[PDB]
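Inspection log for the structure reproduced underneath, given as structure tokens.
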Amino acid sequence: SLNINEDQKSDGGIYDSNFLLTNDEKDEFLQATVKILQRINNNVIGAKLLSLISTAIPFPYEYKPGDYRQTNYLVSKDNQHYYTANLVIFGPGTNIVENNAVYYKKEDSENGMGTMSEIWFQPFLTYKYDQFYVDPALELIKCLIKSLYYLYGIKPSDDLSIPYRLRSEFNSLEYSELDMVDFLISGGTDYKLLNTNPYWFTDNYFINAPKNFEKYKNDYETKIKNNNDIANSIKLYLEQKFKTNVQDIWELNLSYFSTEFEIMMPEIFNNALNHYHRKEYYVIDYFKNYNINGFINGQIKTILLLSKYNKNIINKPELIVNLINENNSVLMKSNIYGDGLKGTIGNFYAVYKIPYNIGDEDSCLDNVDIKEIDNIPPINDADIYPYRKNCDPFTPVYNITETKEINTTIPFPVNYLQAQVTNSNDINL
Amino acid sequence: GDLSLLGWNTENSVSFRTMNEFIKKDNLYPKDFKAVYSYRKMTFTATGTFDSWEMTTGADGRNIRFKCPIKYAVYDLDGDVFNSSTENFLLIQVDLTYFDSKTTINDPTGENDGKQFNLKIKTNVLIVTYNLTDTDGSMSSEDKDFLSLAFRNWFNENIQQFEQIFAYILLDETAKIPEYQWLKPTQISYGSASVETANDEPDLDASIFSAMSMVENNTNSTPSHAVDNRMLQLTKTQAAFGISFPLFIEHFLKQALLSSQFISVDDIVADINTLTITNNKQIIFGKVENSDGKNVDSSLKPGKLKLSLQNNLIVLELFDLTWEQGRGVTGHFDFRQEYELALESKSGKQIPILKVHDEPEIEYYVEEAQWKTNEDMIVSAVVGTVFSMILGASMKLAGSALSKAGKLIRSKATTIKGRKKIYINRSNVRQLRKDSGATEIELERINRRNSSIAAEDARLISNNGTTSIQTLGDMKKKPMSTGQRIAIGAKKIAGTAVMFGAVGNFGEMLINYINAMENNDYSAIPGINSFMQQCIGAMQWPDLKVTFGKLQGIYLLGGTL
């Protein structure tokens with residue numbers, strides 16, 4: 001819903017119910033998204049990623065033996081025209097800075113069949129990390145890779161999540177752990193502490209996912225490839241989808257695309273920035289501040305106008321630090337923010353069991369053929385037989401942050417950091 | 001601004017609730033339904049029983065909207081079995097056409113020589129808004145849309161099961177009474193107009209479903225079905241009849257003016273545009289016996305003896321009634337009278353009666369020289385002429401009241417365009433009536449005498465409503481006061497209103513109505529029922545008493561079943 005309750009707002013998120021409302025804003029969004037798509041497609045690796053997403057159709061559902069119905073379809077207004085679509089890119093949801101990707105159906109996207117993906121994308125806003133502006137093309141690429149995870153049905157169980165940080169701000173033992181897809185595709189220095197040879201962290205998911213992929217590959221090559229009940233377009237799309245295994249999807253991450261596209265990205269705890277980097281947002285004019293080669297005149301030498309939304313950034317901190325003196329008088333007060341990551345109270349490192357017995361044995365998307373995928377004729381409206389229960393009922397999820405207080409007799413670093421900023425123009429250092 | 005028939009003449013209107021009750025009694029609507037939709041290897045079924053249909057708000061013009069509630073239904077969405085709730089329904093859209101059918105209705109007021117046309121749905125049916133929910137609220141919008149498609153397929157396929165006849169009409173039937181062929185439709189039509197309530201609910205009472213029809217072979221090259229919504233809301237009656245003012249004028253006012261002996265059959269020209277009936281050439285109004293004792297011809301200029309409708313009133317006007325009064329003196333008088341056709345409850349029966357409304361208007365114009373030279377002498381002759389028009393007879397009166405009226409008469413003299421003008425408004429007419437000294441009993445005696453002599457004139461009146469010039473001269477050569485002539489003309493005009501009062505030479509029937517209006521004898525006169533019969537003999541609903549009658553741009557009658 002475009003409007004939600006105040007206490008249901010996500011901390012660090014910008015809420016503007018009037019965004020993307022008028023037709024001019026919608027046309028701006030369309031043109032910006034198309035421009036970012038062209039920028040990504042111009043590079044070879046981005047083009048391979050786009051072709052893969054264009055050919056990674058969800059597996060048809062056998063309603064009857066020999067009778068298959070598509071899962072990826074869109075229904076017209078009066079319900080006589082059906083459209084084949086592996087992925088539809090929307091605007092943002094309630095929070096306009098929350099880029100995301102969601103699955104059409106949970107179980108169908110968890111057990112190898114695959115589903116449609118729906119993307120929440122914000123092309124107009126960017127934030128400055130250190131000395132550069134994060135390219136929105138990279139965020140779109142990250143969401144596209146998550147959509148790849150959804151399309152290949154290799155979504156992990158929701159409880160699978162490697163640890164990310166130790167919440168040292170609190171006085172209690174708690175670990176913030178990051179989801180498996182986010183850790184697998186984010187890249188950064190943290191991904192270097194898990195992608196090791198041999199693998200110190202392994203889970204049943206990394207064994208099951210190739211199993212299900214191979215199972216549905218066999219189902220296609222035995223039942224589907226020899227079946228004339230469906231159009232040859234689905235045959236070609238499934239052939240190209242199964243031509244790339246799950247290891248290739250696993251090795252795709254933002255570090256590889258940062259290297260290929262030459263894009264500067266956060267590299268350290270890049271999915272826990274809401275605790276470290278209180279972002280500031282800049283508006284990108286895709287006719288003025290962007291082109292097919294990213295930001296015009298580099299990501300550092302380009303000038304971006306500060307966005308109007310920075311004052312609307314909601315600031316609900318996970319901790320309030322209050323420096324007080326001997327007589328308990330409130331001297332200083334400051335806010336320490338959370339990161340939006342699930343915090344468990346149990347030590348993951350003291351519970352995990354390193355597998356004694358395991359078997360350990362190129363370009364991330366070398367097998368993809370752009371020319372082959374382009375040559376495939378599209379799926380016409382007259383040859384689409386849908387499956388009714390292909391979509392889970394979407395439910396918005398609201399994260400309810402918790403606020404707690406701390407009283408300190410010794411100043412903390414945030415006390416100094418907040419005391420070093422002022423709005424007065426007559427400053428005495 | 002008012003009620004308009006947009007080219008039609010007769011109209012019969014009912015409420016949505018009345019038509020719904022007609023459908024309920026007739027019970028000619030489908031009950032069991034089995035809608036099936038098959039497409040894209042998917043099958044949807046809706047098998048159940050419908051409830052009683054209701055025609056609710058949403059229909060305008062050609063569009064007809066019906067509410068179809070569902071008693072109980074079973075939905076099979078590719079094996080998904082769902083039980084519909086008892087509040088589920090649909091809103092179907094249909095159209096009405098007067099299909100020709102074998103004759104089954106009887107018209108006791110007609111010769112039954114026409115053709116029976118029954119209103120039926122044309123050969124399609126579309127659904128506008130529906131409500132299909134299960135007992136647990138587990139349905140989806142796409143499921144409901146698919147079921148709506150199945151229902152549309154059913155209604156298109158199973159429209160024949162709705163064998164309900166909406167209305168019955170006799171076309172080109174000759175009336176049993178030849179004079180009232182204006183009450184038999186020739187070209188027919190229908191219309192719908194629905195009005196919502198304050199709480200945004202269908203108004204089964206205020207909404208109006210009408211049926212318009214031309215009569216007397218009137219050509220209508222623009223068949224339109226738009227219906228004014230305020231036609232029934234003002235009446236607050238279940239059924240209503242409506243007769244166009246053009247038919248009220250071109251077939252009734254002509255009879256009233258021609259029968260008044262002031263004009264002949266060849267000296268009357270109809271004028272629909274101005275809604276007025278008058279004389280094309282100079283005519284004679286009667287014989288004038290002034291104070292000089294010399295008989296004078298009362299000549300009316302063409303286009304002055306007017307009979308029209310103004311302010312919801314029958315208006316009778318005389319202008320430019322000029323002659324030589326004496327000693328080379330000429331003066332002009334103008335008169336305007338307002339009458340209203342109301343309904344009176346007499347002896348438990350609704351009798352239409354024409355009664356006086358407000359007071360007349362009088363004007364008098366004269367030359368300045370006559371006033372400045374012979375004011376006193378000519379006033380006697382002017383008084384002798386005028387008193388007839390007021391009292392209905394030329395009788396002398398005492399001079400005290402003469403001076404009492406004369407001071408006011410001289411008070412109201414003005415000079416405009418070099419001429420002396422005097423105007424008499426509504427208050428002065430009632431003042432003259434009170435000061436005249438003539439009791440209402442004497443006026444009733446005058447009315448009785450004029451009714452008898454108007455019956456005699458109607459005996460002299462031929463079938464066409466005119467009288468031969470030889471017989472007209474025989475009747476008019478008798479010396480009689482001009483005021484009594486006005487009274488006789490008014491009596492004849494009012495007697496000619498029997499056609500709008502009672503349905504069925506015409507002279508003897510007029511004499512019967514004269515007996516009814518002079519002795520209060522309606523034993524053989526059904527009253528308004530006969531007229532209502534003419535409105536229901538040809539327009540037979542699948543079955544009333546009429547209690548409302550008025551004119552708002554159209555001669556309108558309201559009744560309850």
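Residues in the structure tokens are numbered from 1 in each chain, the chains being A, B, ... in the order shown, and ligands are numbered from 1 in the order shown.
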
- [ ] Just list the residues in stretch 165-246 of chain B DSSP gives strand (DSSP E or B) on the backbone, as JSON, numbers by chain.
- [x] {"B": [168, 169, 170, 171, 175, 185, 186, 187, 188, 191, 192, 193, 196, 202, 208, 209, 210, 211, 212, 213, 214, 215, 239, 240, 241, 242, 243, 244]}

Could you list, with a cut-off of 8 Å and counting only C-alpha atoms, the residues of chain A near chain B, each shown with its nearest atom pair and the distance in Å rounded to one decimal, rows sorted by chain and ascending number, as a Markdown table?
```
| residue | atom | partner | partner_atom | distance |
| --- | --- | --- | --- | --- |
| A:384 | CA | B:40 | CA | 7.7 |
| A:385 | CA | B:40 | CA | 5.4 |
| A:386 | CA | B:40 | CA | 7.7 |
```

Task: 9 Å contact set for stretch 303-319 of chain A, only C-alpha atoms, chain neighbours under 2 positions out, as JSON, numbers by chain - done: {"A": [9, 10, 11, 12, 13, 14, 15, 16, 125, 133, 169, 170, 279, 280, 281, 282, 283, 284, 285, 289, 299, 300, 301, 321, 334, 335, 336, 337, 338, 339, 401, 402, 403, 404, 405, 406]}

So that I can see what lies close to residue A:415, please list as an mmCIF file with C-alpha atoms, in the first residue's frame the residues with an atom at most 8 Å from it, counting only C-alpha atoms and leaving out residues fewer than 3 positions away in the same chain.
```
data_model
loop_
_atom_site.group_PDB
_atom_site.id
_atom_site.type_symbol
_atom_site.label_atom_id
_atom_site.label_comp_id
_atom_site.auth_asym_id
_atom_site.auth_seq_id
_atom_site.Cartn_x
_atom_site.Cartn_y
_atom_site.Cartn_z
ATOM 1 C CA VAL A 321 23.229 6.625 24.011
ATOM 2 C CA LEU A 323 26.213 10.579 28.247
ATOM 3 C CA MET A 332 24.623 14.329 25.678
ATOM 4 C CA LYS A 333 22.229 12.236 23.609
ATOM 5 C CA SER A 334 22.843 10.403 20.345
ATOM 6 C CA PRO A 411 31.531 9.394 26.090
ATOM 7 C CA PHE A 412 31.159 6.954 23.218
ATOM 8 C CA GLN A 418 27.579 14.136 16.735
ATOM 9 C CA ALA A 419 29.168 16.907 18.805
#
```

Task: Shell of 8 Å around residue A:209, only C-alpha atoms, local chain residues under 4 positions omitted, as a ChimeraX atom specification - done: /A:111-112,154,205,213,246

Keeping only N, CA and C atoms, write the selected residues to a file as a short mmCIF file (atom, residue, chain, number, x, y, z; two decimals), in the first residue's frame.
```
data_model
loop_
_atom_site.label_atom_id
_atom_site.label_comp_id
_atom_site.auth_asym_id
_atom_site.auth_seq_id
_atom_site.Cartn_x
_atom_site.Cartn_y
_atom_site.Cartn_z
N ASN A 111 11.89 -25.13 -5.10
CA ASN A 111 12.17 -26.53 -5.40
C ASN A 111 12.54 -26.75 -6.87
N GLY A 112 13.16 -25.77 -7.51
CA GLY A 112 13.74 -25.94 -8.82
C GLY A 112 12.83 -25.61 -9.98
N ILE A 154 16.19 -21.99 -7.07
CA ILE A 154 17.23 -22.34 -6.12
C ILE A 154 17.18 -21.44 -4.89
N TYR A 205 21.67 -27.21 1.53
CA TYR A 205 21.10 -26.49 0.39
C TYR A 205 22.00 -26.60 -0.83
N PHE A 213 17.88 -29.18 -9.72
CA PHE A 213 18.13 -28.69 -11.07
C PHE A 213 18.28 -29.85 -12.05
N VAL A 246 23.75 -24.64 -11.63
CA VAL A 246 23.55 -23.81 -10.45
C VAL A 246 24.86 -23.21 -9.93
#
```

Open item on the list: Which of stretch 30-165 of chain B end up as helix (DSSP H, G or I) when DSSP is run on this backbone - answer as an NGL selection string?
Closed with: :B and (141-157)

Residues of the last selection are to be written out with N, CA and C atoms, as a PDB file, in the first residue's frame.
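Wrote it out as out-v2.pdb, contents follow:
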```pdb
ATOM      1  N   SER B 141     -10.439 -12.319  -7.419  1.00  0.00           N
ATOM      2  CA  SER B 141     -11.031 -11.428  -8.409  1.00  0.00           C
ATOM      3  C   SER B 141     -11.024 -12.051  -9.797  1.00  0.00           C
ATOM      4  N   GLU B 142      -9.969 -12.790 -10.138  1.00  0.00           N
ATOM      5  CA  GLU B 142      -9.934 -13.463 -11.429  1.00  0.00           C
ATOM      6  C   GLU B 142     -10.927 -14.618 -11.491  1.00  0.00           C
ATOM      7  N   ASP B 143     -11.129 -15.323 -10.374  1.00  0.00           N
ATOM      8  CA  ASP B 143     -12.169 -16.346 -10.319  1.00  0.00           C
ATOM      9  C   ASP B 143     -13.541 -15.735 -10.568  1.00  0.00           C
ATOM     10  N   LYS B 144     -13.823 -14.610  -9.910  1.00  0.00           N
ATOM     11  CA  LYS B 144     -15.107 -13.948 -10.093  1.00  0.00           C
ATOM     12  C   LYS B 144     -15.266 -13.451 -11.523  1.00  0.00           C
ATOM     13  N   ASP B 145     -14.186 -12.946 -12.122  1.00  0.00           N
ATOM     14  CA  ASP B 145     -14.260 -12.500 -13.509  1.00  0.00           C
ATOM     15  C   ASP B 145     -14.542 -13.666 -14.452  1.00  0.00           C
ATOM     16  N   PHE B 146     -13.898 -14.812 -14.218  1.00  0.00           N
ATOM     17  CA  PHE B 146     -14.151 -15.986 -15.048  1.00  0.00           C
ATOM     18  C   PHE B 146     -15.592 -16.462 -14.904  1.00  0.00           C
ATOM     19  N   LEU B 147     -16.109 -16.465 -13.674  1.00  0.00           N
ATOM     20  CA  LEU B 147     -17.502 -16.840 -13.466  1.00  0.00           C
ATOM     21  C   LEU B 147     -18.444 -15.849 -14.137  1.00  0.00           C
ATOM     22  N   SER B 148     -18.083 -14.565 -14.137  1.00  0.00           N
ATOM     23  CA  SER B 148     -18.884 -13.571 -14.843  1.00  0.00           C
ATOM     24  C   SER B 148     -18.903 -13.848 -16.339  1.00  0.00           C
ATOM     25  N   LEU B 149     -17.762 -14.247 -16.899  1.00  0.00           N
ATOM     26  CA  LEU B 149     -17.735 -14.628 -18.307  1.00  0.00           C
ATOM     27  C   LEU B 149     -18.640 -15.827 -18.563  1.00  0.00           C
ATOM     28  N   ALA B 150     -18.615 -16.808 -17.658  1.00  0.00           N
ATOM     29  CA  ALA B 150     -19.501 -17.960 -17.797  1.00  0.00           C
ATOM     30  C   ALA B 150     -20.967 -17.542 -17.721  1.00  0.00           C
ATOM     31  N   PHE B 151     -21.291 -16.623 -16.810  1.00  0.00           N
ATOM     32  CA  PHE B 151     -22.660 -16.128 -16.696  1.00  0.00           C
ATOM     33  C   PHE B 151     -23.090 -15.393 -17.957  1.00  0.00           C
ATOM     34  N   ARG B 152     -22.192 -14.593 -18.533  1.00  0.00           N
ATOM     35  CA  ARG B 152     -22.500 -13.913 -19.785  1.00  0.00           C
ATOM     36  C   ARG B 152     -22.772 -14.920 -20.893  1.00  0.00           C
ATOM     37  N   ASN B 153     -21.951 -15.969 -20.968  1.00  0.00           N
ATOM     38  CA  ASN B 153     -22.191 -17.016 -21.953  1.00  0.00           C
ATOM     39  C   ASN B 153     -23.538 -17.689 -21.726  1.00  0.00           C
ATOM     40  N   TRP B 154     -23.897 -17.935 -20.465  1.00  0.00           N
ATOM     41  CA  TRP B 154     -25.195 -18.531 -20.159  1.00  0.00           C
ATOM     42  C   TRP B 154     -26.333 -17.631 -20.622  1.00  0.00           C
ATOM     43  N   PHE B 155     -26.272 -16.346 -20.268  1.00  0.00           N
ATOM     44  CA  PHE B 155     -27.366 -15.437 -20.592  1.00  0.00           C
ATOM     45  C   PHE B 155     -27.521 -15.272 -22.096  1.00  0.00           C
ATOM     46  N   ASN B 156     -26.408 -15.204 -22.828  1.00  0.00           N
ATOM     47  CA  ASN B 156     -26.508 -15.179 -24.283  1.00  0.00           C
ATOM     48  C   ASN B 156     -27.096 -16.481 -24.816  1.00  0.00           C
ATOM     49  N   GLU B 157     -26.685 -17.617 -24.248  1.00  0.00           N
ATOM     50  CA  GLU B 157     -27.205 -18.902 -24.703  1.00  0.00           C
ATOM     51  C   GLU B 157     -28.626 -19.143 -24.210  1.00  0.00           C
TER      52      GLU B 157
END
```

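Proximity to residue B:480 was assessed for B:392, B:246, B:7, B:202 counting only C-alpha atoms; the smallest distance is recorded for B:392.
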
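Residues lying within 6 Å of stretch 466-478 of chain B, counting only C-alpha atoms and ignoring same-chain neighbours fewer than 5 positions away, are residues 258, 259, 265 and 461 of chain B.
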
For the residues in the current selection, export N, CA and C atoms as a PDB file, in the first residue's frame.
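Below you can see result.pdb, which holds the result:
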```
ATOM      1  N   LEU B 258     -64.329  26.366 -33.014  1.00  0.00           N
ATOM      2  CA  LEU B 258     -65.250  26.278 -34.141  1.00  0.00           C
ATOM      3  C   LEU B 258     -66.693  26.155 -33.671  1.00  0.00           C
ATOM      4  N   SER B 259     -66.933  25.368 -32.621  1.00  0.00           N
ATOM      5  CA  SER B 259     -68.279  25.200 -32.088  1.00  0.00           C
ATOM      6  C   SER B 259     -68.826  26.471 -31.456  1.00  0.00           C
ATOM      7  N   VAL B 265     -65.809  26.531 -40.581  1.00  0.00           N
ATOM      8  CA  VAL B 265     -64.877  25.441 -40.847  1.00  0.00           C
ATOM      9  C   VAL B 265     -63.768  25.891 -41.791  1.00  0.00           C
ATOM     10  N   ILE B 461     -75.110  22.426 -34.681  1.00  0.00           N
ATOM     11  CA  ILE B 461     -73.750  22.085 -35.084  1.00  0.00           C
ATOM     12  C   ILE B 461     -73.755  20.755 -35.824  1.00  0.00           C
TER      13      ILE B 461
END
```

- [ ] Quick one: everything within 12 Å of residue B:557, counting only C-alpha atoms, minus sequence neighbours fewer than 3 positions away in the same chain. Send it as a VMD selection string.
- [x] chain B and resid 10 to 14 231 to 232 234 to 244 341 to 343 350 352 500 528 to 529 531 to 532 535 545 to 552 554 560

- [ ] Could you jot down the atom CA of residue B:337 to atom CA of residue B:314 separation for me, Å, one decimal place?
- [x]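 Atom CA of residue B:337 sits 8.1 Å away from atom CA of residue B:314.
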
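Using only C-alpha atoms, the smallest distance between any of A:269, A:82, A:132, A:250 and residue A:188 comes from A:269.
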
- [ ] Find the residue from B:64, B:163, B:57, B:132 that sits nearest to residue B:29; use only C-alpha atoms when measuring.
- [x] B:163

- [ ] Could you check how far atom CA of residue B:387 sits from atom CA of residue B:261, in Å to one decimal?
- [x] 22.3 Å
